[PDB]
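Experimental structure and sequence below, a few questions after.
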Amino acid sequence: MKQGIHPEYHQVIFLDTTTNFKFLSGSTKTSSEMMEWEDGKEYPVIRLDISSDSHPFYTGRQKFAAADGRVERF
Amino acid sequence: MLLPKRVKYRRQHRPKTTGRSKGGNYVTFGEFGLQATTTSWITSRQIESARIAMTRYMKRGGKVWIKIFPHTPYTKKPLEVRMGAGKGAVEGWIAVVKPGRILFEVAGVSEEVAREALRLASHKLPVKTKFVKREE
Amino acid sequence: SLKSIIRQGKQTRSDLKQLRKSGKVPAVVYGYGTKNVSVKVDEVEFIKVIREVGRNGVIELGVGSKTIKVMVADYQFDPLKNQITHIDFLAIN
Amino acid sequence: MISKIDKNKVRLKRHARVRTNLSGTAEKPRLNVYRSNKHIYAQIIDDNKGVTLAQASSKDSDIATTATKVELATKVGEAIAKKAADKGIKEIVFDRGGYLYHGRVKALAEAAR
Amino acid sequence: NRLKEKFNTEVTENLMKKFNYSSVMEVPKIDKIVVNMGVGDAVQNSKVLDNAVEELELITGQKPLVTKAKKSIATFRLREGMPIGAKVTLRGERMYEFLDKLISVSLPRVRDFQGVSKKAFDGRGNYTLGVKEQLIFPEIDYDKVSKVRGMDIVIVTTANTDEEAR
RNA sequence: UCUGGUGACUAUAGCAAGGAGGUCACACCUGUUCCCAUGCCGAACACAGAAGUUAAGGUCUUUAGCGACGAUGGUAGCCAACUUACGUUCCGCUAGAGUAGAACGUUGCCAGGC
RNA sequence: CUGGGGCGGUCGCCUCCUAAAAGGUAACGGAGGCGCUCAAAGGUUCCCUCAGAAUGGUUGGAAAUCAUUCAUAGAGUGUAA
RNA sequence: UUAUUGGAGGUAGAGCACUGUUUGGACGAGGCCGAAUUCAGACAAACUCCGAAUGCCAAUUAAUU
Ligand SMILES: [Mg+2]
Ligand SMILES: [Mg+2]
Ligand SMILES: [Mg+2]
Ligand SMILES: [Mg+2]
Ligand SMILES: [Mg+2]
Ligand SMILES: [Mg+2]
């Protein structure tokens, strides 16, 4: 972190629909809508992700389509 | 017609044809061996002409190796020129035998058969030879 | 079982070959429980080391006293005369 | 599975690259340094007959102190041999040989050079 | 910062009582995170691919060179990449960027890691690093991150990535 | 004696394996305001510090399996002499290389503390 | 110059080998170069260690970067040895 | 010239660790014959991990001419 040549980055709050569990850093900047104090009291403008709502593993998706299985009585 | 594939420099000296043999005078591969006892050259065309006469008496039966692969070139200057403008080109290859080193090793044969077949190829060589069998 | 030699008196000259015309063979002994004594065994009984065990074994020699339980270490087999010269011995302890 | 390299043996391969240019002439002697993590040592050798002249550590309990680059560094730099030691010759194996271990040379030029 | 205290509360009792180490400071720490992004053009396209990585992690990024000036493309000392080390406040943060979920096509990254005890990954395009925008980038900015640990067992690398989807 | 710092000794001393501990002394880490700086990153360099840890480094005791050193006897070559036109013998001095007997898991100077 | 002469080729410097363990030592004997280049590829003070062999990883040259491990010099030294 | 000690250098010999040349055994490297390494052997003026006999320079060395 030598001076001068780097772009600046600092923390945010990523307003996810599930608990907003991201107070980490990044180069994005916009208007601080909803600040907090339990997380980084900074530019709150990190909007939304799809982090912890449906993983391909740690969740449940919809069912599979169709086998042979003539369950329609032809 | 056994040749080296690559040779560093194509025009080389002639080997010091004195002394004893370096090594390789104990047989290692066959049961029966043929060593030399006098000090000539062999010129890469005996060594196949002693190989075709060897193979046919045994009808390509037991294992037969050679031990002398020619490395050195030797040059003959062309037909009747005056002396001295540079060496001539090569025309054959060679490997000098000292006295007392093994030429041929054969196996997979009784004694009374192979002792004939080494003799029949000992007349194709410009050297004097002598039968031998695994110093133990 | 059957061997004998004399402790070969040292500093021999290069007339060592005109006694190799008679069937001798020079040899030295090594070993734990010995010191390096050049011996002169005659090879006429070295058709009688094949005739006990072959190559790997034990046979004593008795150069005066202390017949060492020995083993034939190495040859110097020079061909063109079909003979052996300078065999070597090695105690087992 | 990277094994972190020690500072010590890298700071010894460089040592012979420095002490190949100078040697203790027994008339213009050679003081070296040492540093590990707390305490810095300093000898002075004749590299002809292989004897020392004046050992002076820092951890020698001369006085307890703090701030290892402040005067606790400087105290042994003022620790001096009243001998035939004129201007002596410094061995500088650790880097910044007028900056880092300079507490051993801020006071070595006080009287010892 | 909370990722570090979970490395100092959660994985402490686990990895020392599942792998059964003796001492307490024996768990696999996470060392450097190198990020190398090659370029297929030895001419001019790397002039526009400098800024892409700097939006994801603001360290400037070295332009490397070749070593040998090999056969049929390039001469010596061009530029073909951009390595960036990420070590402490970034390695606890870029690995804390668990938003490779934007890629979404079976985010399960790999099964076989490598034979020695490191763990290399892959990306494809503008998916990860959710700070960047999908407007000014008409080129596949695809990267190759890594993750090396002080552990000397690939089984230990299997446990240590418990919180990144495989 | 032992631990450390600086010397000499051709690796007989080092790698390769295995077991033992403490940090009174080295390390490992706690960070970067300052000293200084990474064509980037304080991992390294430097600085500020001491709650943890012996796993690692280094230390110590075994193993001749990896390299290394290595004798006595031989044989080839060879200065001098003799004989001879033979890819030669014969006699008198020096004397390897490989290979075996094996030695070997360092030695010793000077400092400061036990 | 010339294994008689014209013909062909050579004519000075540099590096091996022949050259026989000091130096020296020929032949129309065997192999190669040069008739310059560099304002930094010179001077100094610091710091770093290699080509390869594996092992996986957007692009895939078999090989354009990235790491990890075993690498005593098997790389490099503007130019031939 | 000779004895004594100390030295420079890489031939004869040997050897395959080095660049190179080799014939044999098992070793992997596609969908019925070939592609790295390992064991046992060989070769060398421009190959040496080794390496003598003799000569060669010097002892402020001692005997003889
Ligand atoms: Mg360090
Ligand atoms: Mg740090
Ligand atoms: Mg003419
Ligand atoms: Mg000479
Ligand atoms: Mg020779
Ligand atoms: Mg010759």
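Thanks, I have the structure now. Residues are numbered from 1 along each chain as shown, chains lettered A, B, ... in the order given. Ligands and ions are numbered 1, 2, ... in the order given.

The residue lying farthest from the centre of chain B: which element?
Farthest-out residue of chain B from its mean C-alpha position, per CA atoms, centre = their mean: residue B:82, at 32.9 Å. For residue B:82, there is no host helix or strand (DSSP states H and E).

Please report how far it lies from RNA strand H.
Separation of residue B:82 from RNA strand H (CB to the nearest atom of the strand, to the nearest Å) stands at 22 Å. Where you see a C-beta, it was placed from the backbone N, CA and C, and this is true even at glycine.

Please list all residues in contact with that residue.
Contacts for residue B:82 (CB atoms under 8 Å, 6 or more residues apart in numbering or on different chains) come out as none.

any idea how far it lies from RNA strand G?
Relative to RNA strand G, and taking CB to the nearest atom of the strand, residue B:82 is found at 5 Å.

count of residues packed around the residue nearest to residue E:96 when sequence neighbours are not counted?
What sits nearest to residue E:96 in space, not counting adjacent residues and going by CB to CB, 6 or more residues apart in numbering or on different chains, is residue E:3, at 4.7 Å. Counted with other CB atoms under 10 Å in any protein chain shown, residues neighbouring residue E:3 total 15.

where does chain A come near chain B, residue by residue?
On the criterion CB under 8 Å from any CB of the partner chain, chain B has no neighbours in chain A.

Look through chain A and state the residue closest to chain D.
At 18.5 Å from chain D, residue A:2 is the closest residue in chain A, using CB to the nearest CB.

What is the distance between the host helix or strand of the residue nearest to residue E:96 and the centre of its chain?
Assigned by DSSP H and E, residue E:3 falls within helix E:2-7. Relative to its chain's centre, helix E:2-7 lies at 19 Å (CA atoms, centre = their mean, to the nearest Å).

outside of that helix, which residues touch it?
For helix E:2-7, using CB under 8 Å, 6+ apart, the contacting residues are A:23, E:92, E:93, E:95, E:96.

could you pull out the helices for chain B?
Per DSSP state H, chain B carries helices over the ranges B:46-57, B:111-122.

again but with chain D, I slipped
With DSSP H, the ranges of helices along chain D come out as D:7-18, D:72-78.

does chain C sit close to stretch B:116-135?
Yes: legend: contact between stretch B:116-135 and chain C by CB under 8 Å from any CB is shown at B:132, B:135.

hmm, back to that, quick one: the residue farthest from the centre of chain B and residue C:25, what's the gap?
59 Å (CB to CB, to the nearest Å).

go on, residue A:51?
Counting by CB to CB, the gap from residue A:51 to residue C:25 is 92 Å.

Residue B:106 now?
Residue B:106 is 31 Å from residue C:25, by CB to CB.

Neighbour count: the two, which is higher?
Neighbours were counted for residue B:106 and for residue C:25 using other CB under 10 Å; residue B:106 has more, 24 against 19.

Now do the contacts for the residue in chain D that chain A sits nearest to.
Residue nearest to chain A within chain D (CB to the nearest CB): residue D:96, separated by 18.5 Å. By CB under 8 Å, 6+ apart, the residues touching residue D:96 are residue D:102.

again with residue C:24
C:40, C:41, C:42, C:43.

helix/strand/coil for the second one?
Judged by DSSP: H, G, I helix; E, B strand; the rest coil, the three-state class of residue C:41 is strand.

and it, what does it touch?
C:3, C:4, C:5, C:24, C:25, C:27, C:61, C:87.

could I have the helix holding residue E:3 exported to PDB, CA atoms only?
Taking C-alpha atoms only, helix E:2-7 is exported to PDB below (Å, rounded to 0.1, in the frame of the first residue of the first chain):
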ATOM      1  CA  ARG E   2     -15.600 -11.400  10.700                       C
ATOM      2  CA  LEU E   3     -14.000 -14.000   8.400                       C
ATOM      3  CA  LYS E   4     -10.800 -13.900  10.400                       C
ATOM      4  CA  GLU E   5     -12.600 -14.400  13.800                       C
ATOM      5  CA  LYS E   6     -14.400 -17.400  12.300                       C
ATOM      6  CA  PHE E   7     -10.900 -18.600  11.300                       C
END
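
Show me what counts as buried in it.
residue E:7 (16 or more other CB atoms under 10 Å in any protein chain shown).

That one near RNA strand F anywhere?
No: against RNA strand F, helix E:2-7 shows no contacts by CB under 7 Å from any atom of the strand, the least distance being 8.3 Å.

And the next helix or strand past that helix?
Past helix E:2-7, the next helix or strand by DSSP H and E is helix E:10-18.

residue nearest the centroid of chain E?
Centre-nearest of chain E using CA atoms, centre = their mean is residue E:145, 2.6 Å out.

That one in helix, strand or coil?
strand.

List the beta-bridge partners for it.
residue E:35 (DSSP bridges).

which residue packs closest to residue E:164, ignoring adjacent ones?
residue E:98 (6.0 Å).

quick one: the residue of chain A at minimum distance from RNA strand H and residue E:100, what's the gap?
Here chain A gets closest to RNA strand H at one residue, residue A:56, 32.4 Å apart by CB to the nearest atom of the strand. To residue E:100, residue A:56 is 11 Å away according to CB to CB.

what sits in contact with each of these two?
Counting by CB under 8 Å, 6+ apart, the residues touching both residue A:56 and residue E:100 are E:107, E:165.

Looking at these two, which is more packed in?
Between residue A:56 and residue E:100, residue E:100 has the larger neighbour count (other CB under 10 Å), namely 18 against 13.

how much space is there between the nearest residue to that one once chain neighbours are set aside and residue E:81?
Setting aside the residues directly before and after it, residue E:100 is nearest to residue E:128 in space (CB to CB, 6+ apart), at 4.7 Å. Distance of residue E:128 to residue E:81, computed by CB to CB: 18 Å.

Neighbour count: these two, which is higher?
Per other CB under 10 Å, whichever of residue E:128 and residue E:81 has more neighbours is residue E:128, with 22 against 18.

Isn't the more buried one up against residue E:98?
No: the criterion here is CB atoms under 8 Å, and residue E:128 misses it with residue E:98 at 9.7 Å.

For the closest residue to chain E within chain B, grab the count of nearby residues.
Going by CB to the nearest CB, chain E is nearest to residue B:6 of chain B, at 24.6 Å. By other CB under 10 Å, 4 other residues sit near residue B:6.

in chain D, which residue is closest to the centre?
Taking CA atoms, centre = their mean, chain D has its central residue at residue D:33, 1.9 Å away.

show me the contacts for that residue.
Each residue near residue D:33 by CB under 8 Å, 6+ apart is listed here: D:40, D:41, D:42, D:90, D:91, D:92, D:93, D:94, D:101, D:104.

Out of the residues you listed, give me the one that has the most neighbours.
residue D:104 (25 neighbours).

Is that residue in contact with residue D:40, as I believe?
Yes: with contact defined as CB under 8 Å, residue D:104 counts as touching residue D:40 (6.7 Å).

intersection of neighbour lists for these two?
With CB under 8 Å, 6+ apart as the test, residue D:104 and residue D:40 both reach D:33, D:73, D:76.

And the residue nearest to the spatial centre of chain A, how close does it get to RNA strand G?
Centroid check for chain A by CA atoms, centre = their mean gives residue A:49 as the closest residue, at 2.5 Å. Distance of residue A:49 to RNA strand G, computed by CB to the nearest atom of the strand: 23 Å.

on that earlier part again, let's have the contacts of residue C:41 in TSV, adding secondary structure and distance to residue B:40.
Formatted as TSV, the contacts of residue C:41 follow (DSSP: H, G, I helix; E, B strand; the rest coil; distance: CB to CB, whole Å):
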residue	secondary structure	distance to residue B:40
C:3	coil	43
C:4	coil	45
C:5	strand	42
C:24	strand	35
C:25	strand	33
C:27	strand	37
C:61	coil	45
C:87	strand	33
